[PDB]
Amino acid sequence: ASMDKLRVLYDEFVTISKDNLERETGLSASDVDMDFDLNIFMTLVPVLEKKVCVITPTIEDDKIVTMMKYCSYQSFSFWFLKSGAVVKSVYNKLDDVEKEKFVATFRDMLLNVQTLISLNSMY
């Protein structure tokens, strides 16, 4: 986990999300606001942990895919209020190989974010 790694992870998340949301829905993505969206993920992590399980590097793929059902794209800068699609809607239309990468990207983003709600509670 690192600030520079998180930027690359977030940009991967947006690139895949954007390409799939655009062709699925016919609507065009908006400009990113990375800090706004990482704020959204910061608020989401505790909800995901209560509704599904604690996020650790060994969390099973099925628990991550279920967390994607509780992540609404309308919450983020690049899809802001455009449709009610959730992250699993993009997952469901990837091929098997692309699916594995998306799960890893979404899990590693949640771990990098969580590594920061952590730093923000240290005195």
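Heads up: residue numbers just count along the shown sequence, starting at 1.
Novice: Of 82 to 90 and 28 to 36, which one has the bigger average CA B-factor?
Specialist: Stretch with the higher mean C-alpha B-factor: 28 to 36.
Novice: Give the stretch, out of 112 to 120 and 4 to 12, with the larger mean C-alpha temperature factor in the deposited entry.
Specialist: Of 4 to 12 and 112 to 120, the stretch with the higher C-alpha B-factor average is 112 to 120.
Novice: In terms of CA temperature factor as recorded, identify the highest of 65, 42, 47, 55.
Specialist: Going by the entry's C-alpha B-factors, 55 comes out highest.
Novice: Per the entry's values, where does residue 23 land by CA temperature factor relative to the rest of its chain, in the lowest, middle or highest third?
Specialist: It falls in the top third of the chain.
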